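An overview of the molecular structure
Here are the chains, one letter per residue:
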Amino acid sequence: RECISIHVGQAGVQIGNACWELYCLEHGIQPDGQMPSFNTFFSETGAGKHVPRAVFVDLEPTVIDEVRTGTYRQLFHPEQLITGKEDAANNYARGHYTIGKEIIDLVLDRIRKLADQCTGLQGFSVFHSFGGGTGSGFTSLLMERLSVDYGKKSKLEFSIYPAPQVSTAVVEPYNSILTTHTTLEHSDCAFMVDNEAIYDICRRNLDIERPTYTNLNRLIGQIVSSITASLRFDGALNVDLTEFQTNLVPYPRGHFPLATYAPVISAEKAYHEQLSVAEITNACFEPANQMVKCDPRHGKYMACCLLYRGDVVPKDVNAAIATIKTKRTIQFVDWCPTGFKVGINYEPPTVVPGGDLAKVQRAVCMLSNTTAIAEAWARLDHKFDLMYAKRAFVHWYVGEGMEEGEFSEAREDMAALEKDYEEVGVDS
Amino acid sequence: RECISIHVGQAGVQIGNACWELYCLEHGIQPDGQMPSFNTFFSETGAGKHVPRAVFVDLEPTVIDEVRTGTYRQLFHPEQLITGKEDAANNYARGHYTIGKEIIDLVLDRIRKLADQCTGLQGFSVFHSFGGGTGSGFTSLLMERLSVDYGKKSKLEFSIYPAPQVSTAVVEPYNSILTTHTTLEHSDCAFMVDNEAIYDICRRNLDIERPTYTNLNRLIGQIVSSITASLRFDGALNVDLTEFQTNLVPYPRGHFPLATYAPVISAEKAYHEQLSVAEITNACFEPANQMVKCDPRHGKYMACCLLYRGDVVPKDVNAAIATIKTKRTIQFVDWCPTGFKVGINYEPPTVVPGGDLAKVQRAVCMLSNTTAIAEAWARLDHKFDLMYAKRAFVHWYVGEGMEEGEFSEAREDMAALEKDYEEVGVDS
Amino acid sequence: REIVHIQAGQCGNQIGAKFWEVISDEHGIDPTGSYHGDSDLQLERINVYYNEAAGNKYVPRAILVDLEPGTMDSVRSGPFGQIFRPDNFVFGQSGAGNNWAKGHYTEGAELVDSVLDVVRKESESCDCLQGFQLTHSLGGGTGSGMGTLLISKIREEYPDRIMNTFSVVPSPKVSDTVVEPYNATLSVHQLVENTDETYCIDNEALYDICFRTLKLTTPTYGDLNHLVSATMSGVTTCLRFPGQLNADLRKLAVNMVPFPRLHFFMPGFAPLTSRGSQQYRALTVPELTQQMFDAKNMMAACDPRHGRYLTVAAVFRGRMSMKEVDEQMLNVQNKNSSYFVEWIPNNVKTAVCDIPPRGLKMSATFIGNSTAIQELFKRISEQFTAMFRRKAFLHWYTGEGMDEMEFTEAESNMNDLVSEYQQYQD
Amino acid sequence: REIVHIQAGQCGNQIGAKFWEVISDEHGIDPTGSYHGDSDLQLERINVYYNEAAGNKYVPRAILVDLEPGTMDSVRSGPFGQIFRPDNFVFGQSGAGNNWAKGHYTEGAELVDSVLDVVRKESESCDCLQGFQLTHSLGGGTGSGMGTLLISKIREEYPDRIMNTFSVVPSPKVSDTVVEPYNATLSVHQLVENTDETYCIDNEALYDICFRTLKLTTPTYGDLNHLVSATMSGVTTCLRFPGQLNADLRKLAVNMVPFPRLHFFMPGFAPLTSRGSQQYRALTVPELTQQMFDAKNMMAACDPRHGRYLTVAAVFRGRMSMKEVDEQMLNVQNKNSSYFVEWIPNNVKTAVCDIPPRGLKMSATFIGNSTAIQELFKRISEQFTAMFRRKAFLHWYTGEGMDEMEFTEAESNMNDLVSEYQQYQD
Ligand SMILES: Nc1nc2c(ncn2[C@@H]2O[C@H](COP(=O)(O)OP(=O)(O)OP(=O)(O)O)[C@@H](O)[C@H]2O)c(=O)[nH]1
Ligand SMILES: Nc1nc2c(ncn2[C@@H]2O[C@H](COP(=O)(O)OP(=O)(O)OP(=O)(O)O)[C@@H](O)[C@H]2O)c(=O)[nH]1
Ligand SMILES: Nc1nc2c(ncn2[C@@H]2O[C@H](COP(=O)(O)OP(=O)(O)O)[C@@H](O)[C@H]2O)c(=O)[nH]1
Ligand SMILES: Nc1nc2c(ncn2[C@@H]2O[C@H](COP(=O)(O)OP(=O)(O)O)[C@@H](O)[C@H]2O)c(=O)[nH]1
Ligand SMILES: [Mg+2]
Ligand SMILES: [Mg+2]
């Protein structure tokens, strides 16, 4: 019943920092590993120290060093903290090939070591970003190997969705297009969120006009914990990760369920207001709490999964579902009946001490696969096209051995993906 | 069994401030929402805090800020307090169109959120003023949307009637004429009062020669509470808001029942004097307590509703009615028999601590639809005409996209309305 | 929500010196720049006129413009010259010399580009501008000349913002420049159609008030510009602070302008009497209304009862009843019905703010738009014609390229405003 | 992971004198060589620029090169000249005299072998080089002449390391050498294809900034080279220190170069204003972005809004929100969309470091690659042609064997860069 977390790149690792901090908060784990009390994620020592079963990869020493100098440096095993010396430079060509390919063997052997520590490997999940060099480059490299060795294990990916308006990486389209090509075909499911959309959540629901990544990742951590800690904890409907895959992936392509999370409420907003299960789920179908800037009303739904924490009575859930099925404007694709996975954990929602979110007594996470995602690809299509037509920055990949045909090909694969969304949109 | 209050504009909000203060006084609600004890208006939290189901709209931060810095800032939910940055400038053209139309979507979504919080929305009422930019401009904009979404719910409006002698808004005729055009057709019933008439009440019955709006709105609040708090409280004849509409609106045009309220008595005037139900109702048919400067003896009655608080015995009421039907000079229109709605609540009348009105043991509110209202329109007709003939101030509307034909049209709609009053006056 | 102010000409620069002083008084801001007040409101709406710079420094959102460093220096040398940042001092070198042509048409034109750049920088610094205000003299070279040029460009950049200006109108008795009516004529020609509204201040009238009701025998321009700033500050504070009525500048503009071209105003102010009588005065709404209506308390050398009143705005500061205000305004309308225009029912409009000016219990600002204003235009136009025929000092102007037919059209345009006042005088 | 820096020419040597000073400031390293800081980070990534010698001595990984001992001596004589080891002073005797031919082609060529040997010794001392950086003038004899020669050999030895250089570009007004455009032309001919990237610094622009925004009336080259070092140090510290974004120099190079030949940069810097206004400034991300975008805060005498922007890098130092940065960069892209090239979606890229420059709360470095750069090339090429036809001072150059056809090809190559900027200007 075990799983492995993999943190690649800054985004992967810094999100991971929040994630493991939250898992410590879930059980009262001390920075040194001492836990007085979740062995699905952790491995126990004779001292009662538990080791989070995870791998941290950075090709630049700095971020891992940040871990190594922080409080959780005692928690993590030195072998889990893997670092190279040089970067990918925002570039798949080095991340996947030239540079990252050198260290990956080590990385894999640490993974395999942990796989041998697992007794019942259920699977794993990889945290990264769609635009970066290691964030997406190295990441896909890893998938190429992991899908061989662990072909039957859960291969869930979580990635930051490139913001349409702000991006620090000029060749991000190129990176992301190459990842599509290689991840679609290897991964089982990839989830993503938009930091821009999140900012809007922070300013509207948390009332914060100063979000940093350390805020943004707390919110992400919430979502992740709902599906990682609480799915291993007790509930009414205990849903596994493999079950998630078995209930969220409808086609052999990928699919890309997007996150939505409600409650996201400031402490003051929690006052004077009573949420019910149904009210929280109402919020879950509002564009306003959509974690990716993509309009839910534009597309049609294919999948939807609702996962519940704390004070949730199935009775209320059932009523809530009835209304979301019938009251809303949620259009859905023919193919699908509304079999929405309901996970119901008794495990209460948790809050980070010193965080922004209010203590809540119940909480709902929503995953959804909508046809509007093709518009996200359309965004990438043109951004890629523009660059590629001019061949701007192309020498930074070509010099590492990339082929122009390959890039065209990858775009075409994306186009095919868009076409399959088109297909799904056609009802039948 | 729920309802929504909507406060638009200063007039709407400052009156609302008095209204919600009175509701707090009705039940002992603390500024923080803690109530130790009316859930038709309020929504309960797990802390026992109740939230007044209302929306506050101001396009200028200041008045809402006044709320936000006062004691009731803890009572109101931050989302209920909606503010823009700029004003309508006394001008429908910006209030309804150019400016207010930008924020209204937010406003509506907060309303809809509350509508979803309602379980049995009975309806709502809107507080504003006939002359202002948001007071009437924005207001009608709102009605345009609310009448779609909530077509079957109560749409009661309350507005300040432009004083014939004092007005601070030079284009008030123009504003009010445009509202007629758009409110007549959308709203169900609009009530109004004249601050000048009220001043006369304050100086003659309360003996106060220094009324401010904070006095004036207390008196308005009294009237409103009689029809809002006490209609949800227990009585002999428990009358609902929908019932009010069903008992006050005779035609599909609008109608405009005017308020009259007796008792309005200073503490010293209460001494040495014993009011009965009948005596209070005698006062209700006196011009002297008429809240709008319009002569009750001029027109003919069409509707009349009497709502009773505290120590009222139907027995006495019946006798009182007999005498008002037969003793008075109240002429009434043929169409109507004297079916005057009697609401009889056991709920006692309440008084604002530190207010001007004397503690009374019983109280009567009167609503009435008289043909004399056409004279009020006549006032507007000429004021509008004068300006419009010269085309004074016209550029302040034209520059926002208003049409001259439209203005003519709106006047004509008013003329038609006057003609319908003429019609009703003709007995048949 | 915010306002940018630009001062120009020696007049405008010295008026602004008092204006900003007062604004900081209103908010408790020290001559050095930091906030040392004591009221919540004092900081709450400070944004309209100040940028808070790091360190709790407030920067007045205004540009000081001139073509002689020395005037600018004298401004800078006093208290509150330190609150302005160096970047708000935009000036050249060599005067204008009270020459429109230099100011507008040629040399001053050169500076305007640098001014405007700073304007743009500030427009970006604001969240949302309500408008702009400029202070200047109608018969001056940089005041009107260069100032006008600037206005035409600002309006172009921001059609949707309020453009108003307060300006010193050549008094019948004291003109300084021989062609002061010429400069004024040209400014009408340019300004009227390039502004939303303009205020008419007469120094002669001001000197009468200061002795007539205030009984003072020593004023300077700083004392008279204090009175000017009282009216200017009166207007914007309400917009800033909580009140009862309708406190928006644009709405004021809407209520005061019945016709696209007739937007000239006569400011007045109450209470405004000597200390001796202050022991014999009563403070009521009728008291303020008596002072407001009285033509002698107008700051413009006009006579509203000679002309007809198109629009009247009565702005009140401090706690007053609504009733009393309504009734007294009605009474005014009633008793002075012979001066009001019949086309506008209830031509007297009000605005109410609950914050009194520092040191007073109550106060009121009178803003009027009468037809009487045309008399000032008539005086100028006439004087202009005489000069026009002789070309007095026009070699200076034509020497800088100003063409006489442009002036001819300017003359017409003055006459047009008069005829339109006649058209609505009836 | 490490960088080697080589300074050459009187310019390069004096710039480096400030550069290294700053780097040691950043890490708390004393002018005598030992570490006396106080932050963990200060030593943690010190490796990129220092070798720790026995005794807790830090040796700057750089070579100082000249052909006159006296300049070297003056460098050595100040603080931080003692931190450099004697072995890093490589110099000859007898100038170059600002002669490319001497520097590159003949005499200076002789010294280069000894320089390179030391370079090799340092390349071995490093664990893993990231790259090399050189500081020099484009129109100088050793700066460009000898320096270029060195670059061609270093690149040859290390194709896989970053080769960049910062160079003083002949300002339109102050050329010192009559054939300064000739030397520059020759350096383009050699450098552009033998470097990964080059930065364009104009002293004239720098002198404008120092008075324009910094309001200073006494700068020297040390004060202007401080500004230069601010940009240089800004770039590498992030690479050194923990941040949020993507802090690798090579990745910067990848994001800023769309085409093999067009790698010229316009550095700029924020915040960068006088102390007076510092009391009136607010420190926000938009504040930095306003200073970064503004062409007047560029250190290159170009005008980015004249040309088109190919790539923009915004590097931030200090704690900022990701949201705010993202949004403001987007806004920039949006509002200045008319200058950006349509082929590159979201052409503004960011990098974020959480360590502020000593003494500031925040700072930002602007790096741009516009087409506007071509204007500098055009000025040089033109001036070159005139000289070319006359052979001004070419007897000195041809006397040392430089052939005119090589110069002819150099001219073409300049024109080629311009045509390629036109090819992507569209
Ligand atoms: N939510 C979130 N997004 C982040 C975080 N850090 C970076 N990102 C986003 O991820 C992308 C940045 O990737 P980089 O940091 O440049 O690169 P990397 O993927 O770590 O790998 P390299 O390019 O080789 O350094 C941008 O789109 C950022 O907005 C973080 O802590 N949280
Ligand atoms: N009874 C009562 N009447 C009020 C109050 N405030 C204002 N009024 C009246 O309502 C009208 C004023 O509207 P304004 O305050 O100018 O404007 P608004 O309707 O709030 O909206 P804007 O014009 O955009 O500011 C006048 O006729 C006032 O006499 C109040 O508190 N109570
Ligand atoms: N109220 C007032 N008027 C002034 C002041 N200074 C000059 N004036 C008037 O302005 C006119 C002269 O224009 P001036 O300001 O010198 O023009 P400029 O300086 O060349 O732009 C005369 O009518 C003066 O009475 C002042 O400080 N206050
Ligand atoms: N910024 C800057 N420029 C310099 C410095 N020294 C010389 N320059 C510039 O360099 C050019 C002259 O080249 P120079 O450095 O004397 O050449 P070399 O010494 O023979 O290699 C002129 O354009 C100068 O402005 C300096 O310390 N800082
Ligand atoms: Mg208002
Ligand atoms: Mg990284």
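Residue labels reflect position in each chain's written sequence, counted from 1, rather than necessarily the entry's numbering. Residues lacking coordinates are not shown. The order in which chains are written sets their letters, starting at A; the order in which ligands are written sets their numbers, starting at 1. For clarity, the chains displayed are a part of a larger assembly, and the values are limited to that part. Hydrogens are left out, water is left out, and the side-chain values use all remaining heavy atoms of the structure.

Method of structure determination, per the deposited record: cryo-EM was used for this entry, reaching 6.00 Å resolution.

1. A short note on the site of ligand 4
Residues and elements named next belong to chain D. The environment of ligand 4 is formed by 16 residues, the closest being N98, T142, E180, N203 and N225. We get accessible surface area from the Shrake-Rupley algorithm with a probe of 1.4 Å; when it comes to residues, only the shown protein chains can shield them. Coverage of ligand 4 by the protein chains reaches 88% of its 570 Å² of free accessible surface. The helix and strand labels rest on DSSP assignments: H or I over at least four residues marks a helix, E over at least two residues marks a strand, and numbering proceeds from the N terminus. Ranked by residues supplied to the shell around ligand 4, first place goes to helix α1 (residues 9–27) with four residues. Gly is placed with the polar residues, together with every amino acid not listed as nonpolar (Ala, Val, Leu, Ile, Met, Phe, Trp, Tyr, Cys and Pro) or charged (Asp, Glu, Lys and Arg). Of the residues contributing to the shell around ligand 4, the split by class is three nonpolar, 11 polar and two charged. Nearness of a residue to a molecule or strand requires only that one of the residue's heavy atoms be within 4 Å of it.

2. Observations concerning helix α1 (residues 9–27) of chain C
Take the number of residues in a helix, subtract one, and multiply by 1.5 Å to get its expected span. Taking 1.5 Å of rise per residue, the 19 residues of α1(C) would be expected to cover 27 Å, and the 27 Å separating its terminal C-alpha atoms lies within 8% of that figure. Trailing α1(C) by a residue or two, C:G28 shows a phi angle of about 70°, which is positive.

3. Let's talk about the arrangement of the chains
In this analysis, two residues are considered to be in contact whenever any of their non-hydrogen atoms come within 4.5 Å of each other. The smallest C-alpha distance separating chain A from chain C is 15 Å, and no contact links them. Considering only C-alpha positions, the minimal separation of the non-contacting chain B and chain D is 21 Å.

4. What to know about the interface of chain C and chain D
Tallying the contact residues gives 13 residues for chain C and 10 residues for chain D. Together, C:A54, C:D87 and C:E124 form the three largest contributors to the area buried by chain C at its contact with chain D, with a combined 38%. Whenever a carboxyl oxygen of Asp or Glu lies within 4 Å of a side-chain nitrogen of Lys or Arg, that contact is scored as a salt bridge. One can count four salt bridges joining chain C with chain D. C:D87 is paired through a salt bridge with D:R281; the nearest N and O atoms lie 3.0 Å apart. Pairs of N or O atoms are called polar contacts if they sit within 3.5 Å, as long as, within protein, a hydrogen donor faces a hydrogen acceptor (for residues adjacent in sequence, only side-chain-to-side-chain pairs). Applying the counting criterion to the chain C and chain D interface returns three residue pairs in polar contact. For the side of chain C that touches chain D, the secondary structure elements donating two or more residues are β2 (50–53), β3 (57–60) and α5 (107–125) of chain C. No other element matches β3(C), which puts three residues into the side of chain C that touches chain D. Among the residues making up the side of chain C that touches chain D, the classes are represented as six nonpolar, one polar and six charged. The term buried area refers to how much accessible surface (probe radius 1.4 Å) is lost by two components on association, counted for both of them together.

5. Let's talk about the domain arrangement of chain C
Residues and elements named next belong to chain C. Each domain's extent is set by a domain assignment, obtained either automatically or from a database. Examined at the domain level, chain C breaks down into domain 1 (1–258), domain 2 (259–372) and domain 3 (373–426). Between domain 2 and domain 3, the C-alpha centre-to-centre distance is 31 Å. With 19 residues of domain 2 at the interface, the matching set in domain 3 holds 11 residues. Both sides of the domain 2 and domain 3 interface together cover about 1300 Å² of buried area, and 61% of this is carbon and sulfur. On the surface where domain 2 and domain 3 come into contact, there are one salt bridge. Between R261 and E420 there is a salt bridge, with its nearest N and O atoms 2.7 Å apart. At the level of secondary structure, the elements contributing two or more residues to the side of domain 2 that touches domain 3 comprise β9 (264–270) and β12 (363–370). Residues belonging to the side of domain 2 that touches domain 3 are distributed by class as follows: 11 nonpolar, five polar and three charged.

6. Some points on the sheet that holds strand β11 (residues 348–353) of chain C
All names here are of chain C. Two strands pair if DSSP finds at least two bridges between them. The sheet built from 10 strands is open, its strands ordered β5-β4-β1-β6-β7-β8-β9-β12-β10-β11 with mixed pairing. At either end of the open sheet lies a strand with only one pairing partner, and these are β5 (89–91) and β11. Looking at each pair of strands side by side, their axes are set apart by 20° on average, direction ignored. In this structure, strand β4 (residues 62–66) lies alongside β5, joined through three bridges in parallel fashion. The residue bridging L64 from the neighbouring strand is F89, located in β5. Only the stretch in contact is used when a helix axis is fitted, and all axes are lines through C-alpha atoms; the angle between N-to-C directions ranges over 0 to 180 degrees.

7. Quick word on the pairing of strand β8 (residues 189–194) of chain A
Within a regular beta strand, the side chains point alternately toward one face of the sheet and then the other, so they alternate between its two faces. Residue and element names in this part refer to chain A. Counting buried residues in β8 gives six out of six residues, a clear majority hidden from the surface. Pairing geometry for strand β7 (residues 154–161) and β8, over six bridges, is parallel. Bridging from a neighbouring strand, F158 pairs with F191 of β8. Here, the term right-handed applies to a crossover whose path from the first strand over the helix to the second runs clockwise when the strands point away from the viewer. Since β7 and β8 lie parallel, the crossover through helix α6 (residues 172–183) that links them has a hand, and here it is right-handed. Accessibility here uses a 1.4 Å probe with only protein chains present; expressed as a share of the type maximum, an area under 20% marks a residue as buried, one over 50% as exposed, and anything in between as partly exposed.

8. Some points on the sheet that holds strand β5 (residues 89–91) of chain D
Whether parallel or antiparallel, the strands of a sheet pair through hydrogen bonds between backbone atoms. Residue and element names in this part refer to chain D. In space, the 10 strands of this open sheet follow the order β5-β4-β1-β6-β7-β8-β9-β12-β10-β11, with mixed pairing throughout. The strands lining the two open edges of the sheet, one partner per strand, are β5 and β11 (348–353). With strand direction ignored, the average angle separating the axes of adjacent strands in the sheet is 20°. Bridge count for strand β10 (residues 309–317) against β11 is six bridges, and the pairing is parallel. Note that in β11 the partner of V312 across the bridge is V348. Together, β1 (2–8), β4 (62–66), β6 (129–137) and β7 (162–168) form the strand contacts of helix α6 (residues 141–157), whose direction differs from that of β6 by roughly 160°.

9. Overview of the UniProt feature "binding site: Mg(2+)" in chain C
Per the UniProt annotation, the sites labelled "binding site: Mg(2+)" are C:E68. Note that C:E68 resides in the loop between β4 and α3 (69–77). UniProt positions are given in the numbering used here, feature names are shortened, and annotations may be inferred rather than shown by experiment.

10. Things to note about the nonpolar core
In these notes, a set of buried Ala, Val, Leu, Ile, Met, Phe, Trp, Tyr and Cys residues joined through side-chain atoms within 4.5 Å is what counts as a nonpolar core. With 92 residues, the main nonpolar core has A:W377, A:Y397 and D:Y50 as its most contacted residues. Lining this core are residues from two domains, each supplying at least three of them: domain 1 (1–258) and domain 2 (259–372) of chain D. When sequence neighbours within four positions are dropped, the list of residues in contact with A:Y397 reads A:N90, A:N91, A:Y92, A:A93, A:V171, A:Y174, A:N175, A:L178, A:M402 and A:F407. Core analysis: the second largest hydrophobic core is formed by 91 residues, B:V171, B:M402, C:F19 and C:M72 among them.

11. Some details on the state of the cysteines
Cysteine sulfurs are considered disulfide-paired once they come within 2.5 Å of each other. The final tally for this structure, using the stated rule, is two disulfides over all chains. What pairs with C:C238 in a disulfide is C:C353, and their sulfur atoms sit 2.0 Å apart. Since a negative S-S torsion denotes a left-handed disulfide, the C:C238-C:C353 link at about 100° is right-handed. Of this pair, C:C238 sits in helix α9 (residues 221–240) while C:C353 is found in strand β11, placing the two residues 115 residues apart along the sequence. Of the two residues examined, C:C238 and C:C353, each falls in the buried class. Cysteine A:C24 is unpaired, with the sulfur of A:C19 as its nearest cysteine sulfur at 11 Å.

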